[PDB]
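*Asks:* Once you've seen the sequence and the experimental structure below, I've got questions.
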Amino acid sequence: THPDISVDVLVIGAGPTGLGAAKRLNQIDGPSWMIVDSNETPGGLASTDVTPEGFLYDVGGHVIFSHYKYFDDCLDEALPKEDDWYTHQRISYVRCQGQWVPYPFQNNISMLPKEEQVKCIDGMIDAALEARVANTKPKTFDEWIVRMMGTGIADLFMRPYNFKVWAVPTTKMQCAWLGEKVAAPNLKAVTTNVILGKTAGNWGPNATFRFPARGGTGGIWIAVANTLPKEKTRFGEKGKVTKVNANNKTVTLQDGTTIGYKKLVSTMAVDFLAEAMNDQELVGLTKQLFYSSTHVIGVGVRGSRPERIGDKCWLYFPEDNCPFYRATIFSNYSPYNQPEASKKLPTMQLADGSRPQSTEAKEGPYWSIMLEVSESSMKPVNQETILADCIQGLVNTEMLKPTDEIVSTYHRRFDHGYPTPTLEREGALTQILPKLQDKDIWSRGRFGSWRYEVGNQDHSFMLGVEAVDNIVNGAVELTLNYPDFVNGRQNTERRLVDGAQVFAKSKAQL
Amino acid sequence: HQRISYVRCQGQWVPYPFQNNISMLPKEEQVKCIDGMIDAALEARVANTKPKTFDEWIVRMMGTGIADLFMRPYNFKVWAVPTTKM
Ligand SMILES: Cc1cc2c(cc1C)N(C[C@H](O)[C@H](O)[C@H](O)COP(=O)(O)OP(=O)(O)OC[C@H]1O[C@@H](n3cnc4c(N)ncnc43)[C@H](O)[C@@H]1O)c1[nH]c(=O)[nH]c(=O)c1N2
Ligand SMILES: O=c1ccn([C@@H]2O[C@H](COP(=O)(O)OP(=O)(O)O)[C@@H](O)[C@H]2O)c(=O)[nH]1
Ligand SMILES: O=c1ccn([C@@H]2O[C@H](COP(=O)(O)OP(=O)(O)O)[C@@H](O)[C@H]2O)c(=O)[nH]1
């Protein structure tokens, strides 16, 4: 029997990856296509929730810094107005020994206690000498750390923090993933700073960035989705894929609709895809991948932004006096992420956990904090007490004063948080992805292709754009297979308007 | 007597031996000195030959920093010959 619908290229999922695919498919305007999503609102893990009190929370707080001009082009098309964006400078610190060490930590030893400083430089010297002679390569993420920073920093920050976020020991992870993620410290630069007491916080793709004025990052992906022809979309319960028949190239949707395809671009989690295919081999294969779940906690507090907080952006917490690994002053990103000062809200509780002095609706202004906590079979979290442990954690780290007035809470558990860069990961992926490609299925995205190196909105979006370009023009998928390549260059060649469109336009005016 | 010996540099009294007391120098000078020691230490880890001149020895063991700030000028001032000739 024939499918209810037939198209050349079918995109599953409307997060950044999928929309990337849809944008390029829309630009080329050649083969027929369709994008579906089980959610009425596109954006996936890049979406935004709002509390009953009017606070916005990303999925951990998201940040736009682009390696691609194509990515930029599409954002400027969705949000063309100027007052649609704010530009920020990256103010990032690490919490250590009661200090706010400027990021990257390994580059600002100066702020630590003198006692600790000595232990870090000692380690760094032992490594710089051993690295002067090394000929082999690091096997684990742990070996990589010890070699690039020394034991001083490893025990002080790297080891404890990484477990805290990955929910697995540094010894169980690979190291080919950390190109532009972890800074390798230069002895000359580290000591120079310790001597001058200066700071080095320019490092990284994060230095400067922009944030959407309204709707958080979620509003971006809504704006983008609006540029696509509606007739080619299915968002909501009518767009969930419940079965994938790779053998006869059909997909079955939640309401029973079937779609035939020639090429399939899938952005759903590859472990879910295996299930929906009912393929025993792929299931056993995907079950060798590892992932951590992420608890996002949102806290809205009353008052004008404290001076202790200032223009800070996101913070790191390697110490065990709080459950979360990262915190974001989400209210500094936009004046529309929290209620306006005039809005009246009762105090739900004080930061220390006790009842407020007054429960009457008072005015603002307000600010917001967003926290992330990791969870895995190696690092369990109690779902009934986590919110309380975070708030307390906030006090322990001098983020909030015990007497601070909390006006709103938020808590959500995302089962698939991070795709874990385990030692076994590439062993499994190098099987799965080619096996899926041989069925004409491009599985791409954070959990589509499972590579954290290149998980991230701009990267994921591009993974999509490239999967289409590979399917239609034979383009090599650079972002997928060569993360270091795309990350250390300016990717300017592909644009939202290429020659193919320019020529086709003049040929019509001709 | 105990040896109380300093080197006069940049209007400071740097305790002898100079190359062990970079602490007392101005911060800007300290930077040049440590950078040299690091580049020198990193080459020392790998050397298998022996220095020819006195100058090659000073660069290998203290770096360009200390070499240019103290050693080179001083050693001429006392030996009345360039380090390169010793
Ligand atoms: C905690 C944390 C923090 C960060 C970020 C994420 C996370 C979780 N990100 C990365 C980012 O969120 C990510 O790259 C994109 O969301 C990935 O897009 P995907 O489409 O691949 O996945 P994602 O999961 O987001 O989207 C896929 C979609 O597919 C749909 N779907 C699933 N199954 C389906 C089915 N069966 N049928 C139909 N639809 C289905 C989902 O409903 C959804 O709409 C990020 N990015 C950034 O650049 N800055 C940052 O700060 C960070 N940091
Ligand atoms: O001060 C720091 C903080 C971060 N990291 C490393 O950077 C990685 C990713 O940090 P980032 O916040 O950029 O990752 P994200 O979760 O936002 O994708 C972490 O796993 C750490 O190993 C680091 O080297 N120094
Ligand atoms: O702070 C110092 C002082 C001395 N010198 C070196 O030590 C050598 C001998 O100095 P010393 O005063 O011991 O010589 P003396 O004149 O007493 O025999 C000199 O040539 C310098 O090269 C040095 O390395 N650092």
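*Replies:* All right, it came through fine. Residues are numbered from 1 along each chain as shown, chains lettered A, B, ... in the order given. Ligands and ions are numbered 1, 2, ... in the order given.

*Asks:* Which stretches in the stretch 351-500 of chain A count as helices?
*Replies:* When secondary structure is read from DSSP state H, counting those that start in this stretch, the stretch 351-500 of chain A shows helices at A:386-396, A:425-437, A:457-472, A:478-481, A:483-487, A:499-506.

*Asks:* Repeat that for the stretch 101-250 of chain A.
*Replies:* Under DSSP H, counting those that start in this stretch, the stretch 101-250 of chain A gives helices at A:114-130, A:141-153, A:159-166, A:187-196, A:216-226.

*Asks:* for the second one, packing partners?
*Replies:* Read that as helix A:141-153. Taking 3 or more CB pairs under 8 Å, 6 or more residues apart in numbering or on different chains; DSSP states H and E as contact, the helices and strands that helix A:141-153 lies on are helix A:114-130, helix A:159-166. For every residue, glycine as well, the C-beta is placed using N, CA and C.

*Asks:* hmm, 6 Å instead?
*Replies:* helix A:114-130 (3 or more CB pairs under 6 Å, 6 or more residues apart in numbering or on different chains; DSSP states H and E).

*Asks:* circling back: okay, the helices of the stretch 351-500 of chain A, which one's buried deepest?
*Replies:* helix A:457-472 (a mean of 26; mean count of other CB atoms under 10 Å in any protein chain shown).

*Asks:* List the buried residues of stretch A:123-131.
*Replies:* A:123-125, A:127-128 (16 or more other CB atoms under 10 Å in any protein chain shown).

*Asks:* Does it reach ligand 2?
*Replies:* No: applying CB under 6 Å from any ligand atom, one finds stretch A:123-131 separated from ligand 2 by no less than 13.9 Å.

*Asks:* what does that stretch rub up against?
*Replies:* A:147, A:150-153, A:187, B:45 (CB atoms under 6 Å, 6 or more residues apart in numbering or on different chains).

*Asks:* Stretch A:154-172 now?
*Replies:* Stretch A:154-172 is contacted from outside by A:105, A:140-142, A:145-146, A:292, A:318, A:325, A:374, A:376, A:378-379, A:422, using CB under 6 Å, 6+ apart.

*Asks:* Likewise for stretch A:241-254?
*Replies:* Outside stretch A:241-254, the residues that touch it by CB under 6 Å, 6+ apart are A:3, A:12, A:237, A:240, A:258-261, A:276-277, A:439.

*Asks:* list the buried ones in that stretch?
*Replies:* Across stretch A:241-254, burial judged by 16+ other CB under 10 Å covers A:241, A:244, A:246, A:249-254.

*Asks:* and residue A:507, how many neighbours?
*Replies:* 8 (other CB atoms under 10 Å in any protein chain shown).

*Asks:* Next: residue A:164.
*Replies:* 21.

*Asks:* Longest strand in chain A, please.
*Replies:* Counting by DSSP state E, the longest strand found in chain A is strand A:405-419.

*Asks:* And residue A:207, how far from ligand 1?
*Replies:* For residue A:207, the distance to ligand 1 equals 14 Å [CB to the nearest ligand atom, to the nearest Å].

*Asks:* I meant to write residue A:91 there.
*Replies:* 15 Å.

*Asks:* now residue A:267
*Replies:* Taken as CB to the nearest ligand atom, the span from residue A:267 to ligand 1 is 4 Å.

*Asks:* close enough to count as contact, that residue and residue A:19?
*Replies:* No: using CB atoms under 6 Å, residue A:267 is not in contact with residue A:19, being 9.2 Å away.

*Asks:* Tell me how many other residues crowd the residue in the stretch 151-300 of chain A positioned nearest to ligand 2.
*Replies:* At 3.9 Å from ligand 2, residue A:182 is the closest residue in the stretch 151-300 of chain A, using CB to the nearest ligand atom. The number of residues packed near residue A:182 is 18, by other CB under 10 Å.

*Asks:* Tell me which residues touch whichever residue of the stretch 251-400 of chain A sits closest to ligand 1, please.
*Replies:* Of all residues in the stretch 251-400 of chain A, residue A:268 sits closest to ligand 1, at 3.7 Å by CB to the nearest ligand atom. By CB under 6 Å, 6+ apart, residue A:268 lies in contact with A:12-13.

*Asks:* what kind of secondary structure is it in?
*Replies:* Following DSSP: H, G, I helix; E, B strand; the rest coil, the label given to residue A:268 is coil.

*Asks:* Same check on residue A:88?
*Replies:* Going by three-state DSSP: residue A:88 is strand.

*Asks:* Excluding chain neighbours, give the residue nearest to it in space.
*Replies:* In this structure, residue A:88 finds its nearest non-sequential neighbour in residue A:209, 5.7 Å apart by CB to CB, 6 or more residues apart in numbering or on different chains.

*Asks:* With residue A:447 instead?
*Replies:* Using CB to CB, 6+ apart, the closest residue to residue A:447 is residue A:269 (3.8 Å).

*Asks:* what about that neighbour, how many neighbours?
*Replies:* 22.

*Asks:* Now do it against ligand 3, distance only.
*Replies:* 66 Å.

*Asks:* would you list every one of the strands in the stretch 151-300 of chain A?
*Replies:* A:208-212, A:233-235, A:241-245, A:250-253, A:258-260, A:263-266, A:291-302 (DSSP state E, counting those that start in this stretch).

*Asks:* Determine which stretch of those is the most buried.
*Replies:* For these, the highest mean count by mean count of other CB under 10 Å goes to strand A:263-266, at a mean of 26.

*Asks:* Parallel or antiparallel, list what pairs with that strand.
*Replies:* Strand A:263-266 has its sheet partners listed here by DSSP bridges as strand A:9-12 (parallel), strand A:441-443 (parallel).
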